[PDB]
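# A look at the structure
Each chain, written out:
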Amino acid sequence: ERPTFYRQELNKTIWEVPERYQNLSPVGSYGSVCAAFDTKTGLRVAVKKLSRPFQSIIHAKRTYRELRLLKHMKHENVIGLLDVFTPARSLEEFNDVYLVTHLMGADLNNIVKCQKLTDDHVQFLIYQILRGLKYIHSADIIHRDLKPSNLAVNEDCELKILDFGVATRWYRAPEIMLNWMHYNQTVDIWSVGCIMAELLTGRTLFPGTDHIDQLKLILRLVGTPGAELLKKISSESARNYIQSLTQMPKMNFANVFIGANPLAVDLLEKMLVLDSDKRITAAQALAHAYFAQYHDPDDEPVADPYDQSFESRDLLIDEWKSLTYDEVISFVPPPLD
Ligand SMILES: Nc1ccc2c(NC3CC3)nc(-c3ccccc3)nc2c1
Ligand SMILES: OCc1cccc(Oc2ccccc2)c1
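Residues numbered from 1 in each chain as written, not as in the entry; some residues may be left out. Chains lettered and ligands numbered in written order. Heavy atoms only, no water. Residues with missing side-chain atoms left out of burial classes, pairs and counts.

All right, on to the overall build of the protein chain then. Helix and strand counts for the protein chain stand at twelve helices and ten strands. Its C-alpha radius of gyration of 21 Å places the protein chain within 12% of the 20 Å reference for a compact globule of 337 residues. (Helix = DSSP H or I, 4+ residues; strand = E, 2+ residues; numbered from the N terminus. Rg over C-alpha atoms; globule rule 2.2 N^0.38 Å.)

Here you go:
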C-alpha cells in the first residue's frame, strides 16, 4: 500500500507529501524545493515539487528525463534519488511528481564564500567533481550545465553534482558558445576548469556579458584557434568569424594564475584546452598528480549503462506521462546502509 499523505501550503504552492516527511521549509524555487526531516531514516532531505510536469510534450519529456536520470545515479558524488512519489492513486489522476534527495549544506559559491579557498580544499572539491563526472560520463551522459550552483556541498566538504537547480554562459565551453552540434563529454571538463579557476583565485574566470564577449574573454586566455583546430570547424561563418578577429596567443597559465600550486596550474592547462579533442577527460584528470592524496583507482567507479534511446522518440504528452508513472511505480528505495 501507498502510505499516509498530508496536505499543506507553502508560499504560493500546495504540497501533498507522505507523513514520513516533516517540517517542510522552502529553500529555493522547474519546481520548488523544501528542506524536510525524514522520519524513516532520521536525515534532513530535499523534496522537490515539479512545476506542471506535464504542461506540454517538452515538459512531459523533461519530467521523464529527470526522473530517469536521477533514478540511475548511484554514486557518492552525484545527487541520487532517496524517494519519488505522487499523491495520485492511479494513472488517470497522476498529475504531480515529487523528488526526494539528500539535503546538502550549501552550493559552491555559498560553500566557497571564503574567496581565497585553501589549495587542499580545492583539491578535494575538484577531485570529487571529477569523480562524479567520471561516473556520469561513463554512462554516456553529459551534464552540459556545470557551474557553482549545480554543486552541492555539505559542512564536511563532501560534494555532489546536481542535475538541475551567476550566468550559465560563464562556465560554458567555447564549442557550445559557437553552437557546435557534435561536442563531447569534455564540455563538462571545461566547466570544471572554470570552477577550479574561480576557487583558486576568488574571481569568475570568464564573466562574459553575452556569447560574443564570452568567447572574446575565453580566446584572450587560451589563444585563438590554431590551424589544427580551424580545419575541424565545419561552419563557414564560425570559421570566418574566429579567423577574422585579432589573433591572440595562448597565455602562460603560470603567469595568469600566479602563486597557485604548479600542479593546479598544470591541470588547468589540461582542462582549459580550446580544442575539445585534446581536453583532458574526467578519468585522466583523476590520475593527475594534483590529486595525489585522494586518487584511488579501485574506488572511482563507473556507471551501469544508461538507456537514453527515449531521447530520440517523439511521443504524446500522455505517453511521456505514463512512462513517468511507470518510473515512479517501479522505484526501489536505496538500501538503509
Ligand atoms: N573537432 C572539433 C573540435 C573543436 C571544434 C570547435 N571548437 C573550437 C572552439 C572553437 N568548434 C566547432 C564548430 C563547428 C561548427 C560550428 C561551430 C563550431 N567544431 C569543432 C570540432
Ligand atoms: O544545496 C541545494 C540542494 C541540495 C540538494 C538537492 C537540491 O535540490 C533537489 C532536490 C530534489 C531533487 C533534485 C534537486 C538542492
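There is more to say, and it comes next.
What follows is about the site of ligand 1. Near ligand 1, the surroundings consist of 13 residues, among which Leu178, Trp180, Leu229, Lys232 and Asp277 are the closest. Protein chains bury 94% of the 470 Å² of accessible surface belonging to ligand 1 in isolation. Looking at the shell around ligand 1 residue by residue, the classes come out as six nonpolar, three polar and four charged. (Near = heavy atom within 4 Å. Areas by Shrake-Rupley, 256 points an atom, 1.4 Å probe, with all protein chains shown as cover. Nonpolar A, V, L, I, M, F, W, Y, C, P; charged D, E, K, R; others polar.)

Taken together, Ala46, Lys48, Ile79, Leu99, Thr101, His102, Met104, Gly105, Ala106 and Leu162 make up the full set of residues near ligand 2. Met104 is positioned such that a nitrogen or oxygen atom in its backbone is 3.4 Å from an oxygen atom of ligand 2. In the complex, 88% of the free accessible area of ligand 2, which totals 380 Å², lies under the protein chains. Among the elements of the structure, β5 (43–50) and β7 (98–102) are those that each provide at least two residues to the shell around ligand 2. Residue classes in the shell around ligand 2 are distributed as six nonpolar, three polar and one charged. (Polar contact = N/O pair within 3.5 Å; in protein donor to acceptor, adjacent residues only side chain to side chain.)

All chains considered together, the criterion is met by 15 aromatic pairs. Relative to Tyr98, the ring of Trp15 has its centre 5.6 Å away and its plane inclined at 55 degrees; by these criteria the two rings are tilted. Taken individually, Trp15 and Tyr98 each receive the classification buried, so the pair is uniform in this respect. In textbook terms, an aromatic cluster arises when at least three aromatic residues are bridged by ring pairs, as seen for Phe5, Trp15, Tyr21, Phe85 and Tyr98. (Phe/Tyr/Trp six-rings, centres within 6.5 Å; stacked < 30°, edge-to-face > 60°. Buried < 20%, exposed > 50% of the residue type's maximum accessible area, 1.4 Å probe, protein only.)

What holds strands together in a sheet is hydrogen bonding between their backbones, with the strands either parallel or antiparallel. Within the open sheet, the three strands sit side by side as β8-β9-β10. Their pairing is antiparallel. The open sheet has two edge strands, β8 (106–107) and β10 (159–161), and neither has a second partner. As defined by bridge partners, strand β9 (residues 151–153) adjoins β10 across three bridges and the pair is classed as antiparallel. Paired with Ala152 across the strands is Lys160, a residue of β10. Packed onto the sheet, helix α3 (residues 119–138) meets β9 and β10 and runs at close to 35 degrees relative to β10. (Pairing = 2+ DSSP bridges. Contact = heavy atoms within 4.5 Å. Axes fitted to C-alpha atoms, helices over the stretch in contact; angles between N-to-C directions.)

Scope: geometric values only; no functional claims are made or implied.
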